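**Student:** everything below, folded, please.
(one chain, ligands or ions: 2)
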Amino acid sequence: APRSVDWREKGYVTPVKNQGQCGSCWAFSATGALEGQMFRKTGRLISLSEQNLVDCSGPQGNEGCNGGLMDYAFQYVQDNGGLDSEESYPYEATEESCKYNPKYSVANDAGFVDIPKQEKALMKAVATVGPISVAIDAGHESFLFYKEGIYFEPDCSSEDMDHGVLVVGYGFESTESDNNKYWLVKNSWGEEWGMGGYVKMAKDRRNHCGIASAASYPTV
Ligand SMILES: *[C@@H](O)[C@H](C[C@@H]1CCNC1=O)NC(=O)[C@H](CC(C)C)NC(=O)OCc1ccccc1
Ligand code: NA
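**Tutor:** Residues are numbered from 1 along each chain as shown. Ligands and ions are numbered 1, 2, ... in the order given. Structure data below:
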């Protein structure tokens, strides 16, 4: 596998979004992964509607601003036969009744793939598929104030994840401790957070923060 991967430079990744004060991280992770796979297939990068997922994917098991799962989101798009664009169905940061309109659908999928729970298996997926939806333990003050460098939190759990994000690559940089590898992760907390909305998460460090514990992507 490659030593460094960045799908943003290949055109797979839309700009950083902001979920506001709604527990909809799962919807942004899922649209991010489906935005990448749709571009892989059509060569067109179109931002997808998280509000569509928040409002409409309850029958698949999601609960709006109170949480959800990326796999449930991919199942909705398959069961529903489409997903509306961000411009047609914009984000309001609040759960409402479903307003899906197939005329404005711009995405489809035919299921999803669950990656084995090993950082080695994740590395392979990122290297060959595109951006990957993942879950992490983001519940630590150090994650809120992250600015730069490789993030490592000694009391992060790898069993208890609470936040869905998007791995868009991986790489390295020399560090004091010689733990130099990282996952490149796109968040949904706006541009102001982290490094332009991104974070470098420690890689090959005992599945840090559970990044490899619930990874998946849609099949288009
Ligand atoms: C991210 O914004 C969100 C925060 C949650 C929801 C409101 N309070 C929170 O702490 N995280 C999730 O939605 C999270 C993402 C996973 C990929 C880790 N999932 C979640 O909280 O799921 C709860 C749930 C489990 C099973 C079925 C339905 C809901
Ligand atoms: Na924790």
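**Student:** who touches stretch 147-155?
**Tutor:** 140, 142-143, 173, 175, 179-180, 182, 194-195, 199-202, 205, 208-209 (C-beta atoms under 8 Å, 6 or more residues apart in numbering). Bear in mind the C-beta positions are built from the backbone N, C-alpha and C, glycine included.
**Student:** quick check: residues of the chain near ligand 1?
**Tutor:** 23-26, 61, 63, 66-69, 135, 161-164, 214 (C-beta under 6 Å from any ligand atom).
**Student:** could you point out which element follows the top strand by length along the chain?
**Tutor:** As assigned by DSSP state E, the longest strand anywhere in the chain is strand 163-172. Next in sequence after strand 163-172, counting helices and strands by DSSP states H and E, comes strand 181-186.
**Student:** show the buried residues in the contacts of stretch 147-155.
**Tutor:** 140, 143, 182, 194, 199, 200, 201, 202, 205, 208, 209 (16 or more other C-beta atoms under 10 Å).
**Student:** so can I have CSV of these showing secondary structure and distance to ligand 2?
**Tutor:** What follows is these, written out as CSV (DSSP: H, G, I helix; E, B strand; the rest coil; distance: C-beta to the ion, whole Å):
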residue, secondary structure, distance to ligand 2
140, coil, 6
143, helix, 10
182, strand, 19
194, coil, 18
199, strand, 16
200, strand, 19
201, strand, 14
202, strand, 14
205, coil, 15
208, helix, 11
209, helix, 8
